[PDB]
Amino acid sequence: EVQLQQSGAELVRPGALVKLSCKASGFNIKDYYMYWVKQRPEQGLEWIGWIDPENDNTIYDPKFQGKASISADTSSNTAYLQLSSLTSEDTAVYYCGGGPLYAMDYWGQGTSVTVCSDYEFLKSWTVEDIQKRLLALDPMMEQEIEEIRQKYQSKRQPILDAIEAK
């Protein structure tokens, strides 16, 4: 019973390196190619590259050659993607998959990466001023979350009415 387990969410500073993983169970990755695919928020799929674990040969899209680095450990049956010099451009969901050259037989559940760029602005303020700016954020965030809660409460409402009907 095939499964691709991907590493968990990441949240990093600009310029950070990060290394995503993909642990395959149900098939020997040597018999396949391990692909990586990026999807920016509210956008489509971009293919990053693939590795042939049988000989560690890797093809990449030139757009990503330099930022992205794909590798496999045939022993632990695991594939890896390493993103360096991360910017906001890179904030996206990274999917790993495995398959022949002509299809993806198996897909991971995906790993979100988020990348944060204002510090120079704030450095020469007073401690009173930095902490007033910090406290302003909590009400704003709680307000935005409450919008989402009531949004999803309105989506439940019809379904729950239909359940008491049947």
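Numbering starts at 1 and follows the sequence shown.
Count the deposited residues lacking coordinates between residue 116 and residue 117 and you get 1 to 3 of them. In this entry, the higher average B-factor at the C-alpha atoms falls on 56-64, of the pair 56-64 and 35-43. Mean CA temperature factor is higher for 117-125 when stretches 117-125 and 47-55 are set side by side in the entry.
Listed residues 135, 70, 29, 104 were ranked by CA B-factor as deposited; 135 comes out on top. Sorting the modelled residues of the chain by their CA temperature factor places residue 4 in the lowest third. For residue 78, the recorded CA B-factor ranks within the lowest third of the chain. Only modelled residues enter the ranking.
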